[PDB]
Amino acid sequence: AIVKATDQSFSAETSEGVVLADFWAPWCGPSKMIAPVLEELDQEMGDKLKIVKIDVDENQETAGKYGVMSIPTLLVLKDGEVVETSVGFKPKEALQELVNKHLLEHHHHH
Amino acid sequence: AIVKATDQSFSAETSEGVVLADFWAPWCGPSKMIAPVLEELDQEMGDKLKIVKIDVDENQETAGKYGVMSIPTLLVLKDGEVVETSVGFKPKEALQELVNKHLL
């Protein structure tokens, strides 16, 4: 379940755990190309990664609060802190690489 | 030899001969990808093709007048009539083909 955020909800939605946030807009015909990517990533990683989308056409205030100057821009957040920035289109493999830098490599069994 | 249009000059700049017009904005990263393509097109066929760019963030009137609803959008015009519309990114070869349908 990819979440649709609003200016009002963005903070809460992104504040906890590992989160990939997608700043996009219908007007940037392009930035839509990310949407199927997010679906594949949600299929593969959804247990460990919360995906949040925010349509910056409808939600005009969030971009400025995160220094988003062009769309699309994706962010990786851990516990509400931005830990990666990805400007422009990137394929599933590139975004998987970024997120994985912030997830456990090992799971120790005691 | 690409022309940067404004809302005021757009209709006049695209009114004659074969024209490729690019609707883009710095705010849209995919729209910027069109630029090197246009430079290559100009190098290849600049004597037969006029290329006009319009930054819709600084010139928002023109997008409405041409029914542009997302960016980028490219138009081919012949003597001021829109004869092809291309929504989204397309590579040089695809745009070259669109224009070539309107030469001669």
# chains A, B, ... in the order shown; residues from 1 in each chain; ligands from 1

$ residues_around --residues "residue 55 (chain B)" --least-positions-apart "4" --cutoff "7 Å" --atoms "only C-alpha atoms" --output "NGL selection string"
:B and (23-25 or 59)

$ write_last_selection --atoms "C-alpha atoms" --output "PDB file, in the first residue's frame"
ATOM      1  CA  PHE B  23       7.030  23.163 -24.217  1.00  0.00           C
ATOM      2  CA  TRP B  24       9.253  22.630 -21.157  1.00  0.00           C
ATOM      3  CA  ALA B  25      10.034  23.930 -17.681  1.00  0.00           C
ATOM      4  CA  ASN B  59       5.367  31.829 -19.997  1.00  0.00           C
TER       5      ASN B  59
END

$ interface_residues --of "chain A" --to "chain B" --cutoff "9 Å" --atoms "only C-alpha atoms" --output "MDAnalysis selection string"
chainID A and resid 26:31 69:72 87:89

$ write_last_selection --atoms "N, CA and C atoms" --output "PDB file, in the first residue's frame"
ATOM      1  N   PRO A  26       0.999  15.342 -12.095  1.00  0.00           N
ATOM      2  CA  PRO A  26       0.468  15.105 -13.428  1.00  0.00           C
ATOM      3  C   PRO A  26       1.024  16.053 -14.522  1.00  0.00           C
ATOM      4  N   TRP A  27       1.193  17.320 -14.193  1.00  0.00           N
ATOM      5  CA  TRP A  27       1.684  18.290 -15.186  1.00  0.00           C
ATOM      6  C   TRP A  27       3.072  17.914 -15.725  1.00  0.00           C
ATOM      7  N   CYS A  28       3.896  17.208 -14.920  1.00  0.00           N
ATOM      8  CA  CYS A  28       5.197  16.754 -15.338  1.00  0.00           C
ATOM      9  C   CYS A  28       5.043  15.315 -15.809  1.00  0.00           C
ATOM     10  N   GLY A  29       4.608  15.262 -17.078  1.00  0.00           N
ATOM     11  CA  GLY A  29       3.906  14.106 -17.663  1.00  0.00           C
ATOM     12  C   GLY A  29       4.683  12.925 -17.216  1.00  0.00           C
ATOM     13  N   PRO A  30       5.979  13.005 -17.469  1.00  0.00           N
ATOM     14  CA  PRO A  30       7.141  12.254 -17.081  1.00  0.00           C
ATOM     15  C   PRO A  30       7.206  11.624 -15.728  1.00  0.00           C
ATOM     16  N   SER A  31       7.167  12.471 -14.672  1.00  0.00           N
ATOM     17  CA  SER A  31       7.258  12.123 -13.244  1.00  0.00           C
ATOM     18  C   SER A  31       6.275  11.025 -12.880  1.00  0.00           C
ATOM     19  N   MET A  69      13.326  21.160  -5.817  1.00  0.00           N
ATOM     20  CA  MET A  69      13.314  22.227  -6.801  1.00  0.00           C
ATOM     21  C   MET A  69      12.871  21.781  -8.171  1.00  0.00           C
ATOM     22  N   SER A  70      12.857  20.481  -8.380  1.00  0.00           N
ATOM     23  CA  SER A  70      12.357  20.009  -9.669  1.00  0.00           C
ATOM     24  C   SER A  70      11.740  18.672  -9.413  1.00  0.00           C
ATOM     25  N   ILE A  71      10.882  18.255 -10.330  1.00  0.00           N
ATOM     26  CA  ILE A  71      10.194  16.983 -10.134  1.00  0.00           C
ATOM     27  C   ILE A  71      10.425  16.120 -11.373  1.00  0.00           C
ATOM     28  N   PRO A  72      10.543  14.760 -11.216  1.00  0.00           N
ATOM     29  CA  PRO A  72      10.410  14.123  -9.888  1.00  0.00           C
ATOM     30  C   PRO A  72      11.650  14.232  -9.000  1.00  0.00           C
ATOM     31  N   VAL A  87      17.213  12.904  -7.635  1.00  0.00           N
ATOM     32  CA  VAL A  87      16.533  13.826  -8.533  1.00  0.00           C
ATOM     33  C   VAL A  87      16.474  13.262  -9.944  1.00  0.00           C
ATOM     34  N   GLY A  88      15.285  13.273 -10.515  1.00  0.00           N
ATOM     35  CA  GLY A  88      15.065  12.812 -11.880  1.00  0.00           C
ATOM     36  C   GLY A  88      14.552  11.395 -11.903  1.00  0.00           C
ATOM     37  N   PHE A  89      14.336  10.885 -13.118  1.00  0.00           N
ATOM     38  CA  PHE A  89      13.929   9.455 -13.254  1.00  0.00           C
ATOM     39  C   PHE A  89      15.028   8.480 -12.856  1.00  0.00           C
TER      40      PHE A  89
END

$ atom_distance --atom1 "CA of residue 90 (chain B)" --atom2 "CA of residue 35 (chain A)"
19.0 Å

$ residues_around --residues "residue 104 (chain B)" --least-positions-apart "3" --cutoff "12 Å" --atoms "only C-alpha atoms" --output "mmCIF file with N, CA, C and O atoms, in the first residue's frame"
data_model
loop_
_atom_site.group_PDB
_atom_site.id
_atom_site.type_symbol
_atom_site.label_atom_id
_atom_site.label_comp_id
_atom_site.auth_asym_id
_atom_site.auth_seq_id
_atom_site.Cartn_x
_atom_site.Cartn_y
_atom_site.Cartn_z
ATOM 1 N N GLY B 17 6.502 28.396 -42.075
ATOM 2 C CA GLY B 17 7.359 27.301 -42.506
ATOM 3 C C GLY B 17 7.213 26.144 -41.540
ATOM 4 O O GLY B 17 6.181 26.006 -40.888
ATOM 5 N N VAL B 18 8.192 25.246 -41.542
ATOM 6 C CA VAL B 18 8.118 24.086 -40.646
ATOM 7 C C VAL B 18 8.789 24.404 -39.323
ATOM 8 O O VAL B 18 9.947 24.830 -39.281
ATOM 9 N N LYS B 48 16.221 23.777 -42.605
ATOM 10 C CA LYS B 48 14.896 23.370 -43.109
ATOM 11 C C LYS B 48 13.872 23.368 -41.969
ATOM 12 O O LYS B 48 12.659 23.243 -42.207
ATOM 13 N N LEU B 49 14.358 23.456 -40.749
ATOM 14 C CA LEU B 49 13.522 23.360 -39.559
ATOM 15 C C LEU B 49 13.821 24.512 -38.562
ATOM 16 O O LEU B 49 15.003 24.754 -38.239
ATOM 17 N N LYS B 78 3.123 23.579 -39.479
ATOM 18 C CA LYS B 78 3.409 23.967 -40.826
ATOM 19 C C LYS B 78 2.573 25.164 -41.167
ATOM 20 O O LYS B 78 1.352 25.101 -41.128
ATOM 21 N N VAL B 99 8.992 15.494 -38.006
ATOM 22 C CA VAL B 99 9.272 16.603 -38.862
ATOM 23 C C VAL B 99 9.331 16.266 -40.338
ATOM 24 O O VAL B 99 8.773 16.974 -41.181
ATOM 25 N N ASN B 100 9.985 15.140 -40.635
ATOM 26 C CA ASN B 100 10.221 14.719 -42.013
ATOM 27 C C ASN B 100 8.949 14.441 -42.793
ATOM 28 O O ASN B 100 8.954 14.604 -44.030
ATOM 29 N N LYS B 101 7.905 13.986 -42.078
ATOM 30 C CA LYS B 101 6.550 13.861 -42.640
ATOM 31 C C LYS B 101 6.017 15.216 -43.173
ATOM 32 O O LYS B 101 5.015 15.229 -43.901
#

$ atom_distance --atom1 "CA of residue 104 (chain A)" --atom2 "CA of residue 18 (chain A)"
11.1 Å

$ select_by_dssp --residues "chain B" --states "strand (DSSP E or B)" --output "number ranges by chain"
B: 3-4, 18-24, 28, 50-55, 71, 73-78, 81-87

$ write_last_selection --atoms "N, CA and C atoms" --output "PDB file, in the first residue's frame"
ATOM      1  N   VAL B   3      15.188  29.117 -31.182  1.00  0.00           N
ATOM      2  CA  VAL B   3      14.660  30.383 -30.685  1.00  0.00           C
ATOM      3  C   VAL B   3      14.003  30.175 -29.330  1.00  0.00           C
ATOM      4  N   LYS B   4      14.318  31.014 -28.338  1.00  0.00           N
ATOM      5  CA  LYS B   4      13.651  31.096 -27.031  1.00  0.00           C
ATOM      6  C   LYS B   4      12.475  32.037 -27.169  1.00  0.00           C
ATOM      7  N   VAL B  18       8.192  25.246 -41.542  1.00  0.00           N
ATOM      8  CA  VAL B  18       8.118  24.086 -40.646  1.00  0.00           C
ATOM      9  C   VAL B  18       8.789  24.404 -39.323  1.00  0.00           C
ATOM     10  N   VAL B  19       8.069  24.151 -38.227  1.00  0.00           N
ATOM     11  CA  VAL B  19       8.518  24.578 -36.910  1.00  0.00           C
ATOM     12  C   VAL B  19       8.348  23.392 -35.983  1.00  0.00           C
ATOM     13  N   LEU B  20       9.353  23.148 -35.152  1.00  0.00           N
ATOM     14  CA  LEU B  20       9.256  22.242 -34.017  1.00  0.00           C
ATOM     15  C   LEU B  20       9.192  23.137 -32.744  1.00  0.00           C
ATOM     16  N   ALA B  21       8.121  23.011 -31.960  1.00  0.00           N
ATOM     17  CA  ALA B  21       8.002  23.830 -30.716  1.00  0.00           C
ATOM     18  C   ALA B  21       8.037  22.948 -29.484  1.00  0.00           C
ATOM     19  N   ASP B  22       8.868  23.275 -28.519  1.00  0.00           N
ATOM     20  CA  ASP B  22       9.101  22.534 -27.296  1.00  0.00           C
ATOM     21  C   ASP B  22       8.576  23.256 -26.099  1.00  0.00           C
ATOM     22  N   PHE B  23       7.567  22.673 -25.470  1.00  0.00           N
ATOM     23  CA  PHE B  23       7.030  23.163 -24.217  1.00  0.00           C
ATOM     24  C   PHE B  23       7.685  22.426 -23.062  1.00  0.00           C
ATOM     25  N   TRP B  24       8.438  23.169 -22.242  1.00  0.00           N
ATOM     26  CA  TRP B  24       9.253  22.630 -21.157  1.00  0.00           C
ATOM     27  C   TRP B  24       9.290  23.524 -19.966  1.00  0.00           C
ATOM     28  N   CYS B  28      10.194  20.737 -14.318  1.00  0.00           N
ATOM     29  CA  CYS B  28      10.020  19.370 -14.805  1.00  0.00           C
ATOM     30  C   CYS B  28      11.337  18.838 -15.343  1.00  0.00           C
ATOM     31  N   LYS B  50      12.807  25.231 -38.066  1.00  0.00           N
ATOM     32  CA  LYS B  50      12.989  26.273 -37.064  1.00  0.00           C
ATOM     33  C   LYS B  50      12.570  25.595 -35.798  1.00  0.00           C
ATOM     34  N   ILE B  51      13.368  25.723 -34.758  1.00  0.00           N
ATOM     35  CA  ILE B  51      13.026  25.144 -33.461  1.00  0.00           C
ATOM     36  C   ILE B  51      12.749  26.278 -32.465  1.00  0.00           C
ATOM     37  N   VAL B  52      11.623  26.174 -31.785  1.00  0.00           N
ATOM     38  CA  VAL B  52      11.189  27.216 -30.847  1.00  0.00           C
ATOM     39  C   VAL B  52      10.959  26.564 -29.514  1.00  0.00           C
ATOM     40  N   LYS B  53      11.602  27.062 -28.482  1.00  0.00           N
ATOM     41  CA  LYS B  53      11.381  26.605 -27.114  1.00  0.00           C
ATOM     42  C   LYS B  53      10.566  27.601 -26.342  1.00  0.00           C
ATOM     43  N   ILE B  54       9.734  27.090 -25.432  1.00  0.00           N
ATOM     44  CA  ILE B  54       9.025  27.972 -24.544  1.00  0.00           C
ATOM     45  C   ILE B  54       8.984  27.362 -23.108  1.00  0.00           C
ATOM     46  N   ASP B  55       9.572  28.088 -22.190  1.00  0.00           N
ATOM     47  CA  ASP B  55       9.578  27.734 -20.774  1.00  0.00           C
ATOM     48  C   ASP B  55       8.253  28.100 -20.184  1.00  0.00           C
ATOM     49  N   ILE B  71       3.976  18.360 -19.562  1.00  0.00           N
ATOM     50  CA  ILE B  71       5.272  18.752 -20.143  1.00  0.00           C
ATOM     51  C   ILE B  71       6.206  17.595 -19.926  1.00  0.00           C
ATOM     52  N   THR B  73       5.745  18.702 -24.069  1.00  0.00           N
ATOM     53  CA  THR B  73       4.930  18.485 -25.227  1.00  0.00           C
ATOM     54  C   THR B  73       5.671  19.195 -26.341  1.00  0.00           C
ATOM     55  N   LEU B  74       5.802  18.505 -27.458  1.00  0.00           N
ATOM     56  CA  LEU B  74       6.357  19.078 -28.667  1.00  0.00           C
ATOM     57  C   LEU B  74       5.320  19.151 -29.731  1.00  0.00           C
ATOM     58  N   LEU B  75       5.361  20.168 -30.534  1.00  0.00           N
ATOM     59  CA  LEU B  75       4.385  20.303 -31.627  1.00  0.00           C
ATOM     60  C   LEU B  75       5.223  20.450 -32.902  1.00  0.00           C
ATOM     61  N   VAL B  76       4.751  19.879 -33.995  1.00  0.00           N
ATOM     62  CA  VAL B  76       5.192  20.313 -35.293  1.00  0.00           C
ATOM     63  C   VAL B  76       4.097  21.213 -35.906  1.00  0.00           C
ATOM     64  N   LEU B  77       4.528  22.347 -36.474  1.00  0.00           N
ATOM     65  CA  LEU B  77       3.597  23.203 -37.196  1.00  0.00           C
ATOM     66  C   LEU B  77       4.084  23.462 -38.566  1.00  0.00           C
ATOM     67  N   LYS B  78       3.123  23.579 -39.479  1.00  0.00           N
ATOM     68  CA  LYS B  78       3.409  23.967 -40.826  1.00  0.00           C
ATOM     69  C   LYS B  78       2.573  25.164 -41.167  1.00  0.00           C
ATOM     70  N   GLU B  81      -0.057  26.030 -38.556  1.00  0.00           N
ATOM     71  CA  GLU B  81      -1.026  25.002 -38.206  1.00  0.00           C
ATOM     72  C   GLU B  81      -0.343  23.873 -37.511  1.00  0.00           C
ATOM     73  N   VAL B  82      -0.876  23.448 -36.364  1.00  0.00           N
ATOM     74  CA  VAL B  82      -0.316  22.282 -35.694  1.00  0.00           C
ATOM     75  C   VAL B  82      -0.640  21.058 -36.550  1.00  0.00           C
ATOM     76  N   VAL B  83       0.433  20.350 -36.921  1.00  0.00           N
ATOM     77  CA  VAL B  83       0.306  19.153 -37.722  1.00  0.00           C
ATOM     78  C   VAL B  83       0.777  17.880 -37.048  1.00  0.00           C
ATOM     79  N   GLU B  84       1.514  17.948 -35.943  1.00  0.00           N
ATOM     80  CA  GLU B  84       1.767  16.774 -35.115  1.00  0.00           C
ATOM     81  C   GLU B  84       1.838  17.252 -33.671  1.00  0.00           C
ATOM     82  N   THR B  85       1.500  16.359 -32.762  1.00  0.00           N
ATOM     83  CA  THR B  85       1.631  16.608 -31.342  1.00  0.00           C
ATOM     84  C   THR B  85       2.334  15.394 -30.755  1.00  0.00           C
ATOM     85  N   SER B  86       3.304  15.683 -29.849  1.00  0.00           N
ATOM     86  CA  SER B  86       4.111  14.663 -29.233  1.00  0.00           C
ATOM     87  C   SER B  86       4.159  14.946 -27.746  1.00  0.00           C
ATOM     88  N   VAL B  87       3.482  14.143 -26.969  1.00  0.00           N
ATOM     89  CA  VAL B  87       3.459  14.269 -25.513  1.00  0.00           C
ATOM     90  C   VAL B  87       4.428  13.347 -24.822  1.00  0.00           C
TER      91      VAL B  87
END

$ closest_residue --among "A:79, A:49, A:37, A:60" --to "residue 15 (chain A)" --atoms "only C-alpha atoms"
A:79

$ closest_residue --among "A:83, A:42, A:64, A:56" --to "residue 101 (chain A)" --atoms "only C-alpha atoms"
A:83

$ closest_residue --among "B:98, B:103, B:56, B:35" --to "residue 7 (chain B)" --atoms "only C-alpha atoms"
B:56

$ select_by_dssp --residues "chain A" --states "alpha helix (DSSP H)" --output "number ranges by chain"
A: 10-14, 34-45, 62-65, 92-100

$ residues_around --residues "residue 96 (chain A)" --least-positions-apart "3" --cutoff "12 Å" --atoms "only C-alpha atoms" --output "MDAnalysis selection string"
chainID A and resid 20 37:38 40:46 48:49 76 84 86 90:93 99:103

$ decode --residues "region 14-69 of chain A" --atoms "C-alpha atoms" --output "compact mmCIF listing (two decimals), in the first residue's frame"
# COMPACT_ATOMS: atom_id res chain seq x y z
CA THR A 14 7.10 10.09 6.58
CA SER A 15 8.22 10.44 10.18
CA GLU A 16 8.73 6.79 11.09
CA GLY A 17 10.89 3.89 9.87
CA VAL A 18 12.39 3.72 6.33
CA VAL A 19 10.31 5.65 3.82
CA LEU A 20 10.68 6.40 0.09
CA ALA A 21 8.90 9.64 -0.85
CA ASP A 22 7.99 10.56 -4.36
CA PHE A 23 7.41 14.21 -5.30
CA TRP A 24 5.58 14.17 -8.62
CA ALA A 25 2.78 15.89 -10.59
CA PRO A 26 0.47 15.10 -13.43
CA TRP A 27 1.68 18.29 -15.19
CA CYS A 28 5.20 16.75 -15.34
CA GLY A 29 3.91 14.11 -17.66
CA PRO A 30 7.14 12.25 -17.08
CA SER A 31 7.26 12.12 -13.24
CA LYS A 32 4.41 9.67 -13.71
CA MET A 33 6.96 7.16 -15.09
CA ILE A 34 8.07 6.59 -11.48
CA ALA A 35 4.61 5.26 -10.52
CA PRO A 36 5.04 1.72 -11.99
CA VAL A 37 8.59 1.67 -10.51
CA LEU A 38 7.09 2.24 -7.01
CA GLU A 39 4.69 -0.56 -7.66
CA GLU A 40 7.50 -3.03 -8.39
CA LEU A 41 9.46 -1.83 -5.36
CA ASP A 42 6.34 -2.09 -3.20
CA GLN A 43 5.94 -5.71 -4.38
CA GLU A 44 9.55 -6.59 -3.53
CA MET A 45 10.18 -4.49 -0.39
CA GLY A 46 6.79 -3.54 1.07
CA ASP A 47 7.40 -5.25 4.39
CA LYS A 48 10.39 -3.02 5.12
CA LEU A 49 9.67 0.12 3.09
CA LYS A 50 6.78 2.59 3.25
CA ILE A 51 6.25 4.41 -0.03
CA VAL A 52 4.66 7.85 0.10
CA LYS A 53 3.58 9.83 -2.95
CA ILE A 54 2.73 13.57 -2.96
CA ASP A 55 1.24 15.29 -6.00
CA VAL A 56 2.89 18.71 -5.76
CA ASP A 57 0.25 20.25 -8.13
CA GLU A 58 -2.42 19.58 -5.45
CA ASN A 59 -0.13 19.94 -2.49
CA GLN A 60 1.80 23.12 -3.02
CA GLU A 61 3.60 23.59 0.31
CA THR A 62 5.53 20.36 0.92
CA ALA A 63 8.13 20.71 -1.87
CA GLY A 64 9.56 23.95 -0.41
CA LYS A 65 9.84 22.45 3.05
CA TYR A 66 12.12 19.68 1.62
CA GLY A 67 14.09 21.77 -0.86
CA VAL A 68 12.51 20.01 -3.83
CA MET A 69 13.31 22.23 -6.80
